[PDB]
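With PDB author numbering applied, the sequence shown corresponds to residues 31 to 239, 269 to 340, in that order. Take a look at the structure set out below.
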Amino acid sequence: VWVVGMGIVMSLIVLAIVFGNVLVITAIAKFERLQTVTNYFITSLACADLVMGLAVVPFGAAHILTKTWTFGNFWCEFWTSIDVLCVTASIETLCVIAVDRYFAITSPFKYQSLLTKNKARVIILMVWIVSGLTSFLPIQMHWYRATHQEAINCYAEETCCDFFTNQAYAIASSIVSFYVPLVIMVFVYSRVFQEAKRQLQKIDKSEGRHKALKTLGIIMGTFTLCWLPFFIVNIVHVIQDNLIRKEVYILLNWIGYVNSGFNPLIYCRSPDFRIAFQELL
Ligand SMILES: CN[C@@H]1CCc2c(ccc(O)c2O)[C@H]1O
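If you want it as structure tokens, here you go:
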């Protein structure tokens with residue numbers, strides 16, 4: 031009396047993610063005015079989220095629902111690699127956008143000289159290649175496989191494949207994916223908020239007759284609430300053998316996936332985007 035209900039929520043999540051990302055992608059391609067040098071990063075993030083919603087989630091829901099990985103044994107290694115790729119690429123693209131904002135605010139005159147049209151392609155390719163090296167190469171040739179007797183059967187068994195990692199791959203993946211981008215974004219947005227406050231205070235000197272806090276709160280709260288617990292539990296269950304159950308890990312991992320669906324609403328609400336959305340439909 032519970033199988034049908036949860037599948038409805040899963041289908042709504044999948045449909046929402048796919049619809050949002052497809053609309054965001056088609057908006058930029060359709061209209062010339064929406065195109066911008068900075069908007070290519072949004073295109074990359076939208077592509078990553080669309081790939082996640084097209085591949086990772088629908089297959090991962092079947093494992094939860096039917097409780098049997100009825101697909102082939104070779105496929106789920108590819109599935110895990112795709113999941114890691116789709117997480118790392120999105121997080122690093124968000125970090126790139128934050129750094130772009132810092133350059134835009136803290137250096138007006140020199141902003142054009144630093145960033146040009148062609149540099150965006152190089153940055154995107156570097157981000158995606160770094161995402162590829164951390165996921166496909168270790169997963170496919172099996173550095174990550176654990177040595178303890180448990181789960182060796184599941185690696186051998188065709189019906190089973192669950193994530194199990196040594197004490198090194200978890201640390202390396204967590205450091206590459208989460209902590210460094212978090213530090214970079216924190217410092218960048220701290221400086222941006224300081225500059226905005228300085229200007230807001232300066233105006234009141236010559237005008238003798269809030270918004271930044273709200274927007275920064277939204278941007279940091281969404282990302283931190285989405286992704287902070289997952290990497291903490293990822294580190295902790297590997298530092299000590301038994302402190303975390305599997306169900307909690309699965310729940311936190313699935314909560315982490317909803318972020319890719321919220322990105323279009325967070326980052327695409329400018330008047331030009333609204334006009335484009337109205338024009339499309
Ligand atoms: C199947 N779930 C995986 C497991 C570990 C992991 C994920 C995402 C990014 C990483 O850097 C990871 O190490 C999760 O999506």
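We treat Cβ as the ideally placed atom computed from N, Cα and C, and that holds for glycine.
In terms of CA proximity to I277, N322 leads the group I43, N322 and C116.
Across the set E187, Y185 and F108, the C-alpha of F108 shows the shortest separation from the C-alpha of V86. In the three-state DSSP reduction, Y174 falls in the coil class, being neither helix nor strand.
In this structure, the alpha-carbon of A57 lies about 32 Å from that of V213. Residue environment for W286: buried (at least 16 other C-beta atoms within 10 angstroms of its C-beta).
Distance from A119 to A78 at the Cβ level is roughly 4 Å; contact confirmed, criterion being Cβ atoms closer than 8 Å. Taking non-hydrogen atoms of ligand 1 into account, the C-beta of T118 is found less than 8 Å away from one of them. In the DSSP assignment, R304 falls outside any alpha helix (DSSP H) and carries neither an H nor an E. Per DSSP, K140 lies in no alpha helix (DSSP H) and is assigned neither H nor E. Not a single heavy atom of ligand 1 lies less than 8 Å from the C-beta of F166. DSSP, read as helix, strand or coil, puts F194 in coil.
The alpha-carbon separation between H296 and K97 amounts to approximately 23 Å.
With a cutoff of 9 Å on beta-carbon distance, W158 and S236 are scored as not near each other.
Counting along the chain, the unbroken alpha helix (DSSP H) around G90 starts and ends at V87 to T96.
The C-alpha of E180 lies about 15 Å from the C-alpha of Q197. In this structure, DSSP gives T73 a helical state, which the three-state scheme calls helix.
In this structure, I55 is the residue among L84, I55, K60 and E62 with its C-alpha nearest to the C-alpha of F71.
About 7 Å separates the Cβ atoms of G320 and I43, confirming a contact at the 8 Å cut-off.
Residue nearest to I47 within the set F336, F166, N318 and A335 is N318 (criterion: CA-CA distance). Per DSSP, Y209 is not a residue of any alpha helix (DSSP H), being assigned neither H nor E.
Cβ-Cβ distances below 7 Å link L95 to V33 and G37 in the same chain, with the five nearest sequence neighbours on each side left out; the list follows chain order.
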